[PDB]
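A.B. asks: Could you have a look at this structure, given as structure tokens, before my questions?
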Number of protein chains: 2
Amino acid sequence: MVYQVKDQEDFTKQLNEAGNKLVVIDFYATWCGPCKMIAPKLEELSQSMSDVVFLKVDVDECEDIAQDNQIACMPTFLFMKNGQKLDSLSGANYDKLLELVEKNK
Amino acid sequence: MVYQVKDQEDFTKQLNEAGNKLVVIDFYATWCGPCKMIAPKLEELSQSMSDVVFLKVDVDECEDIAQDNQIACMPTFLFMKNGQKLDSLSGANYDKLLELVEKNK
């Protein structure tokens with residue numbers, strides 16, 4: 001599953017529940033074409049990779065979180081582990097997403 | 001000064017008000033760092049150039065306008081003249097922006 005982050009507190013809770021697992025966070029908007037395009041692929045990946053945590057943040061609903069992460073070009077995928085940033089990807093390039101997951105899991 | 005488009009009807013009103021002038025529309029978000037950094041430059045261009053009209057659209061306030069113009073990155077600048085789309089620019093590249101303005105005005 002790809003869990004929808006509710007607010008800053010929820011984001012923190014989810015980053016903790018991940019323990020030592022890679023966390024992939026999709027910063028998106030409902031008005032974003034490329035975002036809607038790649039969302040099903042992220043969901044598919046999440047169903048198989050139980051050792052990676054997949055989250056999504058609607059930038060319209062969590063503007064404070066978007067500002068914290070210097071989001072600009074969507075979808076943006078942020079890669080974190082133990083609450084710390086490892087990498088970031090701008091745009092819906094699925095191959096680059098898989099490469100960064102392989103690298104950081 | 002850069003006028004903020006209020007809604008879809010307002011967007012047509014501003015496009016009509018521009019007459020024959022090039023219109024530069026800044027699609028932005030209040031959480032967008034690069035958007036904030038370039039906003040004063042746009043204000044200065046707006047104050048200085050009398051043959052170009054500058055508009056801005058807050059994607060959180062006008063999600064429908066963002067979707068309809070297939071916005072993905074921010075800021076995105078849309079260049080219109082007499083109701084026609086001439087060009088688009090993704091990101092806060094001021095030189096490219098200025099190039100497209102000189103080219104299309």
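Residues are referred to by chain and number: the chain letter is A, B, ... according to the order shown in the structure tokens, the number counts from 1 in that chain, and ligands are numbered separately from 1 in the order shown.
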Return as a PDB file with C-alpha atoms, in the first residue's frame the residues belonging to chain A that are within 7 Å of chain B, counting only C-alpha atoms.
C.D. replies:
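What ended up in iface-v5.pdb:
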```pdb
ATOM      1  CA  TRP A  31      -4.099  18.533 -10.658  1.00  0.00           C
ATOM      2  CA  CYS A  32      -0.794  16.995 -11.745  1.00  0.00           C
ATOM      3  CA  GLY A  33      -0.994  14.839 -14.876  1.00  0.00           C
ATOM      4  CA  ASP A  60      -2.326  21.029  -1.559  1.00  0.00           C
ATOM      5  CA  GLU A  63       1.545  22.746   2.188  1.00  0.00           C
ATOM      6  CA  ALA A  66       5.874  20.585   0.860  1.00  0.00           C
ATOM      7  CA  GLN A  67       7.645  23.742   1.994  1.00  0.00           C
ATOM      8  CA  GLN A  70      11.872  22.217  -1.103  1.00  0.00           C
ATOM      9  CA  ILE A  71       9.429  20.583  -3.524  1.00  0.00           C
ATOM     10  CA  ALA A  72       9.297  22.166  -6.995  1.00  0.00           C
ATOM     11  CA  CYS A  73       8.818  19.804 -10.007  1.00  0.00           C
ATOM     12  CA  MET A  74       6.126  17.115  -9.521  1.00  0.00           C
TER      13      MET A  74
END
```
A.B. asks: Skipping near chain neighbours, those fewer than 4 positions away, what residues fall within 12 Å of residue 50 in chain A using only C-alpha atoms, listed as a ChimeraX atom specification?
C.D. replies: /A:1-2,18,21-23,43-46,54,105
A.B. asks: Would you mind writing down, as a VMD selection string, each residue of chain B that DSSP on the backbone assigns to alpha helix (DSSP H)?
C.D. replies: chain B and resid 8 to 17 33 to 48 63 to 68 94 to 104
A.B. asks: Between CA of residue 79 in chain A and CA of residue 24 in chain A, measure the distance and give it in Å to one decimal.
C.D. replies: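 One can read the CA of residue 79 in chain A to CA of residue 24 in chain A distance as 4.8 Å.
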A.B. asks: Near residue 80 in chain B, within 9 Å and counting only C-alpha atoms, which residues show up once chain neighbours fewer than 2 positions away are dropped, as a short mmCIF file (atom, residue, chain, number, x, y, z; two decimals) with N, CA and C atoms, in the first residue's frame?
C.D. replies:
```
data_model
loop_
_atom_site.label_atom_id
_atom_site.label_comp_id
_atom_site.auth_asym_id
_atom_site.auth_seq_id
_atom_site.Cartn_x
_atom_site.Cartn_y
_atom_site.Cartn_z
N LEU B 15 -7.01 38.20 -19.74
CA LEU B 15 -6.52 37.96 -21.09
C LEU B 15 -7.14 38.94 -22.08
N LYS B 21 -1.18 42.74 -26.06
CA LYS B 21 0.09 42.56 -25.35
C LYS B 21 0.37 41.10 -25.03
N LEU B 22 1.65 40.73 -25.12
CA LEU B 22 2.14 39.49 -24.55
C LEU B 22 1.73 39.38 -23.10
N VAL B 23 1.27 38.20 -22.71
CA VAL B 23 0.91 37.93 -21.33
C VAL B 23 1.81 36.81 -20.80
N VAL B 24 2.46 37.09 -19.67
CA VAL B 24 3.26 36.10 -18.97
C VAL B 24 2.54 35.68 -17.72
N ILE B 25 2.21 34.39 -17.60
CA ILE B 25 1.49 33.90 -16.44
C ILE B 25 2.35 32.99 -15.61
N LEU B 78 3.71 30.56 -18.51
CA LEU B 78 2.98 30.38 -19.74
C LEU B 78 2.96 31.72 -20.47
N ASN B 82 -2.92 37.42 -27.60
CA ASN B 82 -4.24 37.37 -28.23
C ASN B 82 -4.92 36.01 -28.02
N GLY B 83 -4.84 35.52 -26.79
CA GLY B 83 -5.53 34.31 -26.40
C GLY B 83 -4.85 33.02 -26.82
N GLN B 84 -3.69 33.12 -27.48
CA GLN B 84 -3.00 31.94 -28.00
C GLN B 84 -1.80 31.58 -27.14
N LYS B 85 -1.58 30.29 -26.88
CA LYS B 85 -0.35 29.85 -26.22
C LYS B 85 0.82 29.87 -27.20
N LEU B 86 1.87 30.61 -26.84
CA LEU B 86 3.04 30.74 -27.70
C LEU B 86 4.22 29.90 -27.22
N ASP B 87 4.33 29.75 -25.91
CA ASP B 87 5.48 29.12 -25.31
C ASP B 87 5.18 28.78 -23.86
N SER B 88 6.05 27.97 -23.26
CA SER B 88 5.98 27.65 -21.84
C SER B 88 7.39 27.43 -21.31
N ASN B 104 8.72 37.15 -27.92
CA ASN B 104 7.29 37.05 -28.20
C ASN B 104 6.47 38.34 -28.04
#
```
A.B. asks: List every residue of chain A that DSSP, applied to the backbone, labels as strand (DSSP E), and write the result as a PyMOL selection string.
C.D. replies: chain A and resi 2-4+22-28+52-58+76-81+84-90
A.B. asks: Which distance in Å separates CA of residue 38 in chain A and CA of residue 26 in chain B, to one decimal?
C.D. replies: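 Atom-to-atom, CA of residue 38 in chain A to CA of residue 26 in chain B, that is 25.5 Å.
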A.B. asks: Work out how far CA of residue 99 in chain A is from CA of residue 13 in chain A, in Å to one decimal.
C.D. replies: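 Taking CA of residue 13 in chain A as the start and CA of residue 99 in chain A as the end point, the length is 26.6 Å.
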A.B. asks: Hey, which of A:95, A:102, A:58, A:51 ends up closest to residue 5 in chain A? Count only C-alpha atoms.
C.D. replies: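 Smallest distance to residue 5 in chain A is found for A:58.
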